[PDB]
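Peer 1: Just to be clear, this is only the beginning of the complex, oriented as in the whole thing:
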Amino acid sequence: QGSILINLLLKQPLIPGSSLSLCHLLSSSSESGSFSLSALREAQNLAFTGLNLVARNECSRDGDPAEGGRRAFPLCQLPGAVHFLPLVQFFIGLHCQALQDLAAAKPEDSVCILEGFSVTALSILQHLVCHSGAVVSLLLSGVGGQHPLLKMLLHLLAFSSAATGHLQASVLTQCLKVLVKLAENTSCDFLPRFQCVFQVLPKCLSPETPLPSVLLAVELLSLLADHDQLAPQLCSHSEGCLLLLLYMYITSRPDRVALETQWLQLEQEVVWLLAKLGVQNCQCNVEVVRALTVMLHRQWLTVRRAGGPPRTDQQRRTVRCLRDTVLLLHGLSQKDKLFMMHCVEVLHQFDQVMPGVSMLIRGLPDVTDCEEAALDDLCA
Amino acid sequence: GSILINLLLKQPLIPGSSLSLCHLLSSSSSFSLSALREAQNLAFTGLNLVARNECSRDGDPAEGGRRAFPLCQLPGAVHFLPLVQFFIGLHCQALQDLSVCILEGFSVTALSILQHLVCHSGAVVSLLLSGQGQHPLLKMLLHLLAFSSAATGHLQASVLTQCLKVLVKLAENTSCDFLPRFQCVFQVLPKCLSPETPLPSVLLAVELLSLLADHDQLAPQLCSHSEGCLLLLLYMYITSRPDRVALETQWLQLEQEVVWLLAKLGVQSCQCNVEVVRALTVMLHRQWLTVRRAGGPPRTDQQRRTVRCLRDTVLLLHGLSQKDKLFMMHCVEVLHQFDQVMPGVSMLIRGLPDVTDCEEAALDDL
C-alpha cells in the first residue's frame, strides 16, 4: 500500500527550475506521422489512467525472498505503471529526430523545450519502473530485443555519448541515474539486453562529461558487472581499457568546479565495483594503481589535518574510503607483482600516504585486522 | 475515501472540454503570477496526503454522532479547496464586472472538483460548519448561483446546476443548526426555479426545495410570502415545461422529486398551497399515460419510478384530501382532468401486488 511512486510522479515538479513534471505531463496541452499529436494526448491520458489504476490493485511485491533478492527490490505489479510508460514513450521520442536534424544542418527551440520535458519524463520513468516490475519487464523483454521507448532512449543515450553541452550534460547525468535504476530493475536475462549500453558507455565516461554523470555511470557499470558475460566486456584488452577512462577521470578530474562530495561518492562507487569484481598485460591495470594511490593520499592527508571524530560526513567518508582503498590496494599488490612496477610511478606519494593510514586504521574501532592487514601489505 | 483520491486524479469528470485534474493542481492559467504557483504546490501537497490514503481506512470508523456514515474526514481535501478559490470566484469577479469563456471552463472544472470534495470528505464540510463570512468559498458560490439564474448564458446554464448541487449535497449531511447557514441560499434559490433558469438547474432546484421542506427554517421560507409564498414556481414548472428538448424522462423526474418533497413535508409534521394538489393531479395523469398505452408494469426502472410517483400521487392527494378538509372547493376547477386519471390508477394500483393497505385506503377515498 506504498504508492511512493504515485506521490513521486504527481507532486511539486521534480525538475528544479522548469516546472515540467509528470503532473503537467498529464495536464499538458496539445499546443504545449507516427508521433501524432493525438497519440501524444493519449500517452498523457494513459499515464492518467495508470494514476487512477495503481491504487486499485492489491499485491505482494515478492512471492519469496530469493526472487526479490535477484531484482534487489520487491515490486508490486501495478498495471497503472505500464500505462504511464506510453506517455514517457511519446515525450522521449519527441525531439530526438529534431536533435538529429539540428546536428545534420551543421528548429532548435522545439528540441530544447522537448528535451527539458523529456528529462522530466526520465525521472518519472525511473519512479514508475521502480514501483511496478511489470512496466519494467515489458520494456525489458525482446526478440534477441528492446522496447521502442527503449530504442528512443538509446538515441538519448547516443546524445549522452555525444559531446555534451551544459544542458545536455545535466540531461546526460539524469540519463545515467535512469540507467542505474534501469539496471537494478532489469532481470538477469535482461542484463544481456543491457549489453547494448556498454558501447554507449565509453563516450559517457569522458573528461568532458560532468561528474554526476560519471558517478551514475560507475554505478551502472557495477550493475552490469554482476552478469558473467558483461564482466569481461569492461577493458578492451590493450585497445583502450574502458574502466581505464573512469579511473583516469578520478585521477585527474575535468570539471574542477564541482561538489567535492559527489567526487568522493563516485570514487567510493568505483571501490565497491572493484570489490564486487573481485568476488566474481593491460595498460589499464598499471593505470588503475595510480588513481587509487592518489585517492588514498587525499584521504590520508585529510586525516592528518583532521582531529577527533569526523563531524563532517566527508571526513568519516575518508576514514572509510581510506580503509576500503587500502583493501583494494593490498590486492592491487597480491593480484599483480608487476603491479608494483607500474605503481612505482605514484609510489613516491603512495609510500608517504601508507604509514599515517596504518595509524588511523589501528585507531578506528570499525577498523579490523582484515582491514589493517591489507594496509600492512602496501607499507613495509 | 480512497475513491476520493481516485476522483481527484481522474479523466475530466465533466464530459469533454479537455479538463485535467492535474491542471486543477498545476495550471499556469487571483492572477499576478504569485501565491497561485503556491496554490498549485498546495494541491501537490494534498495529492501527497491523498496518495498515502491513510485516512480512508476501515470505513471511517472514528467519526461518530451526527453526519453518521460520514465520508472519511480528509485533511488533504481541505487543502485542495484553496486553489479552487483562485479558480471559482475569479470568474465571480469577471461576473462582477459588467475571455470570460476561458475562465468559465476552468471555473466549471473547479466546481466539479469542489463537488467531489464536498461529497466525499468530512473536512470541506467541517469548513461549512465553520462560521459570518466564514467558508468564504460559499459566499463566492452563492454570489455565482444568484447571478447565474439572473443571466442566461451558455456558461450560465451549467454553473447554476453545479452550484445548486454543491449546496444541496452539503446541506444534506449537515445538522439542523448548520442548516440555519444554508438559509441564505433560500433567497437566491427563488430565481432558479423559474423556467428562464436552466432546466437541469430547475431539477436540482426541486431537489433543494425538498431539502428546504426538510429544514425547519427553510419550510416557513417555502410558504412565507402572502403572494406566491416563494413556492409553486416549482408546481408551475412541471405543469408547463419550458424545454425545447422536452425529453419525457425529465418532467417525471421533476414531479417525482416534488412528490417526495410533499410526502416528506407530511411525514415531518396561501394560493401556493393550492397549486401543489392540482399539479399532483396533473402528474398522476402524466405518469399514468406512459404506463397505460403500453399496458402492464414497467419495462423501465424510470418507468417503475413513474409508477411509484403515481402511487405516491394518489396517496398524497389522499393526505391532501384529509388536508384543507374542504378539498373539493379548490379541486373542482381541475377536477375533471383529475377525475379522469384517479380511478384508472386506482385499478392499476389494485393490480400490483406491492400496493400497501394504507396506500389502499388512500386509493379508496378516490
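Peer 2: Ah, there it is. Numbering: from 1, shown residues only, chains lettered A, B, ... in the order given.
Peer 1: what number of residues lie near the residue in the stretch 251-380 of chain A positioned nearest to chain B?
Peer 2: Nearest residue of the stretch 251-380 of chain A to chain B (CB to the nearest CB) works out as residue A:259 at 26.7 Å. No exception for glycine: its C-beta is placed from N, CA and C like everyone else's. Neighbour count of residue A:259, defined by other CB atoms under 10 Å in any protein chain shown: 10.
Peer 1: Thought residue A:253 was touching it, still the case?
Peer 2: No. With contact taken as CB atoms under 8 Å, residue A:259 and residue A:253 are classed as non-touching, separated by 11.5 Å.
Peer 1: Overlap in contacts, those two.
Peer 2: Common contact partners of residue A:259 and residue A:253 (CB atoms under 8 Å, 6 or more residues apart in numbering or on different chains): residue A:211.
Peer 1: Mind listing what's buried along stretch A:220-237?
Peer 2: Neighbour counts using 16 or more other CB atoms under 10 Å in any protein chain shown place A:220-227, A:230, A:233-235 of stretch A:220-237 among the buried residues.
Peer 1: And stretch A:272-291, by the same measure?
Peer 2: A:273-274, A:282, A:284-291.
Peer 1: which residues does residue A:41 contact?
Peer 2: Counting by CB under 8 Å, 6+ apart, residue A:41 touches residue A:30.
Peer 1: what does the stretch 51-200 of chain A have sitting close to chain B?
Peer 2: Counting by CB under 8 Å from any CB of the partner chain, the stretch 51-200 of chain A comes close to chain B at A:51-52, A:55-56.
Peer 1: Pick out the residue of the stretch 151-300 of chain A closest to chain B.
Peer 2: Relative to chain B, the nearest point of the stretch 151-300 of chain A is residue A:181 (20.0 Å; CB to the nearest CB).
Peer 1: How many residues are close by residue A:324?
Peer 2: 21.
Peer 1: Pretty sure it sits in a helix.
Peer 2: Yes. Assessed with DSSP: H, G, I helix; E, B strand; the rest coil, residue A:324 lies in a helix.
Peer 1: if I read this right, it contacts residue A:269, doesn't it?
Peer 2: No. Using CB under 8 Å as the test, residue A:324 is too far from residue A:269 to be in contact (11.0 Å).
Peer 1: Now do the helices in the stretch 101-250 of chain A.
Peer 2: A:108-131, A:133-140, A:148-161, A:166-185, A:190-204, A:211-225, A:243-251 (DSSP state H, counting those that start in this stretch).
Peer 1: so which of the ones you listed comes closest to residue A:34?
Peer 2: When the helices of the stretch 101-250 of chain A are compared by CB to CB, helix A:148-161 sits nearest residue A:34, at 9.9 Å.
Peer 1: and the angle for that closest one with helix A:166-185?
Peer 2: Computed by axes from the mean of the first three to the mean of the last three CA atoms, to 10 degrees, the angle separating helix A:148-161 from helix A:166-185 equals 130 degrees.
Peer 1: what packs against helix A:148-161?
Peer 2: Here helix A:148-161 touches helix A:79-93, helix A:96-105, helix A:108-131, helix A:166-185, helix A:190-204, going by 3 or more CB pairs under 8 Å, 6 or more residues apart in numbering or on different chains; DSSP states H and E.
Peer 1: Just give me the neighbour total for residue A:83.
Peer 2: Burial of residue A:83 is recorded as 22 neighbouring residues (other CB under 10 Å).
Peer 1: while you're at it, add chain C from this line:
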Amino acid sequence: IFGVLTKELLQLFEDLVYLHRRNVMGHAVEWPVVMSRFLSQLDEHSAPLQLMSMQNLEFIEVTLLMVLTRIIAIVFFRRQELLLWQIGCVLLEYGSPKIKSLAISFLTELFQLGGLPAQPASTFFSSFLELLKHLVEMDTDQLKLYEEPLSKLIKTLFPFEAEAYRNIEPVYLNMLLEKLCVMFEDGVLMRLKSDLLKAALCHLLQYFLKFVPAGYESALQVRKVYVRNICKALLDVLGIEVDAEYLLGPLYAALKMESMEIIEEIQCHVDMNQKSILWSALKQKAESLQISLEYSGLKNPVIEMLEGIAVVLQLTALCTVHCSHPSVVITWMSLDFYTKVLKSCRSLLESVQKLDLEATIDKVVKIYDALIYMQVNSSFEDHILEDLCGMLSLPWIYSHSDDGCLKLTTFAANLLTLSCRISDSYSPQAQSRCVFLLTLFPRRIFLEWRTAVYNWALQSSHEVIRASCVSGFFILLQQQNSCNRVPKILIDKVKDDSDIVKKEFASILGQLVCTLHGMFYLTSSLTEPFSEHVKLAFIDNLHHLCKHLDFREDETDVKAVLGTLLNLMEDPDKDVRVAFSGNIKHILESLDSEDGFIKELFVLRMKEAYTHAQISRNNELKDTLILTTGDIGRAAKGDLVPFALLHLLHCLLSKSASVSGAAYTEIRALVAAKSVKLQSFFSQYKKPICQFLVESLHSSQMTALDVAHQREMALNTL
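Peer 2: Placed with the earlier chains, chain C looks like this:
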C-alpha cells in the same frame, strides 16, 4: 573463492530470515530448519544448523547479521546493499528487542556504506514509522533495548550536517515531522521513560527547523502545523518533567526560527512574543510557570516549579541576546516581571528545606545564568546587577559576613542575614557558577564586593570558585587599575592543577592585548548560541594574541618569548608539534618579516631540529617537523622559503624514502603557495637550490672519498 563462501553465508542467512517471515505469515513451519547452503563433504566424507523454537531462529539471525557486518567491508558492492537492505527491512518488520537494535545499526551502517537508494528506503521507512508509533505502547524494557540504536540510526538518517535531507525522501521527511507532532499531541513523548527518545524527536524537529531546505520535507504551512503540535506537547511536558533542559533546546530553536519569520513579516515595533502566536502560547506557558511558583508558595515542589520557571526565563534571555529588534523593534520579557519572579525565588529559597534547596539553588543558578545572558544582551544599569551579584555570593556571604568586604558592600548588610539559610543549601558548584556570573557582574555595581570577590576566589583553595574567578579575572584587572599588567595574586593563581585553567589563561592572554584596548562588551555566548546538548590551546591562544600584540618586529622581548615558543614548537608530544604546525605560518603572519632576527631564530630552530631529529629517529616527530618547516616556507615570500626549501632538499636527499616524500609534499605545498609553474619556482630559487644540491654533491664526493653507484646516485638526484 572468498566471495563464493560469503555468498553461501548470505543465502543461508536469507533462508533463516525468510523462515522468520514465514512464521509471521503462519502458513508453514520449517522447524527444525537446516539451511541448504554450506552442506559439505567434510561432515560425511551433513550437519546444517538445526533450530526448533522461533527464538533459536532469532539467535541464528543475530549471529548471521553480526557476520554480515563483520565482513561488510569486503562484502559491500554497488547494489549489494540493495538485497541486504531488503533483508534488513524484513528484520525490522518483526523485531526482537536486541536483534531489532542490531538490525537498526546494520541498516544505518549500510546506508552510510553505499548511500541510500530511494526505493529501498521506502520499505524500511514504513516499518520504521510503525515502530516509532508503537514506542509508547511498548514497555521500556523492550523499546529501550533498541532505542539507543534507534537514536544512532536516526542521527545517521537525519544528520544535522549537509544534504542529510537529500538522503531522506522529502515525503519521508514530511511523514516523520508529521509522526513527531502526532506523538507530541499524544503526549507519548513525555510518557516514554527514556529522555533520549523524545530528545531524538526534538533532534529531528530542529533538523527541520534550521538545516533542511525550507519546504523540502513538507509544505511550509503544514510544517508550521507540525511545529505548533511540537510546541503544544513541549509546553505540557516541561511542566511535567522536573527538568525541562532535555526540551529547552528544541524550544529555543523554534523561538529563533519564529523570530526570523516575524522580522521578514514586519518589513516588506512588535514584541517577538506578541508577533508569534505559537510563541505567545510559549509565553503563556512561561507565565503559568511563574504564577504557579508564586501562587503555590510551599505547596508546589520548589525544585520542579523553579526548574520550569528557569527554563522559561532562560529561553527569554537567549532570545533577547540572539533576537535583535526605529521602524522595527522587538519587545522582551520585562525585567520587573523578572523582579517579581525574583521575589518569588527569595521566598522559595526561604521556604525550601536546607537539603531541598540544593536542587532549587541549581535551578536558581541556571535561571541566574539566563539572567546573566539578559544582562549581556543589555547590561542592567545598577541595581538589578547589584542584587544579582549579591545573591550569587550568598553561599559565600554567610561565611564572608565577618569580612572587610562585607563591611563595605552596600547590600552586604541584608545579605548577611539572608545568606545563612540559603547557603547551607547552596551547592559548591552552584556557588561556583554564581561566581562565574559574579565575575561577569560589571564594576559599576558592587565594585568593592566584586574586586574583593575576584581576589577571594583566587584566594580560595577550592578549584571551582577559583576557575570562575579566573574566567573574568583578566577583565576585572583591566577594569581595576591596569589593562597592561596582570596582577601578582593571579599570576600565582595562573598555575592550576587542571590543564583547563591553564588553557583558560591562554585564552586570557589572548584577550589581554584587547584588555589593553577598551574592554569590549562581554556576552557569555558572545556569539554562536550554545547548542541545547594545553600547549595546543596555547597555539590557539597565541594566534589570536599576536595579532593584537605589537610583536611584528618588537625586540629582545619577542626574541626571548619566541625562543621559549620555539622550544615548545618542537615539543615531545606529536600532537603538540602538530596543530602548532601551521601555527608557525600564523606566526610568520604575526612576524613583520621573515628575515633578520626572525630569520636568525628560524635558523637556530632548524639547527635544534636537526639535533633532535638525529636523537629522535622517530617518524612522527619528523612528520610534524616536515609539515611545519613546510608551512613556514610556504608562508614566506622571501629568503626563508628558499632556506626552508634547502633544508627540505637535504631531508629529501636521504636514504629513507619517507624523508624524501615528506620534503616533496612540502615542496609541492610551497609551489602551490608560490602559484607558479614547476619550472618557474625552480627559476626563482634555481641558483641557491642547485648550489645547495652541489654542496650535497660535494658531500657525496667526500662520501665517495665506486663511480658506478656514484653515477646512479647522481642521476637519481637529478
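Peer 1: quick recheck of the neighbour count of residue A:259 now chain C is there?
Peer 2: The tally of other residues near residue A:259 (other CB under 10 Å) stands at 11.
Peer 1: again with the one 10 residues further on
Peer 2: Number of residues near residue A:269 (other CB under 10 Å) recorded here: 25.
Peer 1: show me the contacts for the residue lying closest to it once chain neighbours are set aside.
Peer 2: Distance criterion CB to CB, 6 or more residues apart in numbering or on different chains; nearest residue to residue A:269, sequence neighbours excluded, is residue A:218 at 4.4 Å. By CB under 8 Å, 6+ apart, the residues touching residue A:218 are A:205, A:246, A:266, A:269-270, A:273, C:78.
Peer 1: What of residue C:542?
Peer 2: Neighbouring residues of residue C:542 by CB under 8 Å, 6+ apart: C:506, C:509-510, C:565, C:583, C:586-587, C:590.
Peer 1: Pretty sure it sits in a helix.
Peer 2: Yes. Under three-state DSSP, residue C:542 sits within a helix.
Peer 1: Would you mind measuring from it to chain A?
Peer 2: The spacing between residue C:542 and chain A, counted by CB to the nearest CB, to the nearest Å, is 18 Å.
Peer 1: which residue does chain C bring closest to chain B?
Peer 2: residue C:219 (4.1 Å).
Peer 1: which residues touch that residue?
Peer 2: Counting by CB under 8 Å, 6+ apart, residue C:219 makes contact with B:41-42, B:45, C:174.
Peer 1: count of neighbours near residue 87?
Peer 2: All of this refers to chain A. Neighbour count for residue A:87, taken as other CB under 10 Å: 28.
Peer 1: Chain C is the one I meant
Peer 2: Using other CB under 10 Å, residue C:87 has 27 neighbouring residues.
Peer 1: which ones are touching it?
Peer 2: Residue C:87 makes contact with A:65, C:13-14, C:17, according to CB under 8 Å, 6+ apart.
Peer 1: so it sits in a strand?
Peer 2: No. Counting by three-state DSSP, one finds residue C:87 to be helix, located in no strand.
Peer 1: which one is residue C:535 nearest to, not counting chain neighbours?
Peer 2: Spatial nearest neighbour of residue C:535, excluding adjacent residues (CB to CB, 6+ apart): residue C:576 at 5.1 Å.
Peer 1: What residues does the stretch 501-650 of chain C have near chain A?
Peer 2: C:575, C:578-579, C:619, C:623, C:627.
Peer 1: Can you say which of these are buried?
Peer 2: Among those, those buried by neighbour count (16+ other CB under 10 Å) are C:578, C:619, C:623, C:627.
Peer 1: Can you lay out the residues you listed as TSV showing secondary structure and distance to chain B?
Peer 2: Listed next are those as TSV, based on DSSP: H, G, I helix; E, B strand; the rest coil; distance: CB to the nearest CB, whole Å:
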residue	secondary structure	distance to chain B
C:578	coil	51
C:619	helix	58
C:623	helix	54
C:627	helix	52
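Peer 1: Closest one of these to residue C:121?
Peer 2: Proximity of these to residue C:121 was ranked by CB to CB; the top entry is residue C:578 with 40.2 Å.
Peer 1: Check which residues of stretch C:180-193 are buried.
Peer 2: Under the neighbour-count criterion of 16+ other CB under 10 Å, stretch C:180-193 has C:180-181, C:183-184, C:188-190, C:192 buried.
Peer 1: same deal with stretch C:260-269?
Peer 2: By neighbour count on 16+ other CB under 10 Å, the buried set for stretch C:260-269 is C:262-263.
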